[PDB]
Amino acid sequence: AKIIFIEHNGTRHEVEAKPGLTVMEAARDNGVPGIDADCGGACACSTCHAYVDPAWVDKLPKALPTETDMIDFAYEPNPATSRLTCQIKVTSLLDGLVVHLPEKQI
């Protein structure tokens, strides 16, 4: 599945990710800048935060309380598009998924 990461400045990064990996791993293992992922996908750091493109928000699983509580700590969270990428599992249906990276991670 192809996953597209776009930095806050418009720089586009494309990666191919096997179903089963998380979007965070897809970015981390392929050298995409803008994602720190300090806690390693344990949903406890909010440094894997990204804005899902509106065209894809409804195609993703609903966020769990534990995730939303963490997003509150993220840098400039967006109520409609913000997600923790380590909580998004890649599947063939997400082929073409577009994710916008924030200016900074906290």
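Quick note: we count residues from 1 along the sequence shown, nothing fancier.
Between 28-36 and 46-54, it is 28-36 that carries the larger average Cα temperature factor according to the deposited entry. When all modelled residues of the chain are sorted by CA temperature factor, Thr22 is found within the lowest third. Looking at the C-alpha B-factors along this chain, the one for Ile106 belongs to the highest third.
Ranked by Cα temperature factor within the chain, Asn9 sits in the highest third according to the deposited record.
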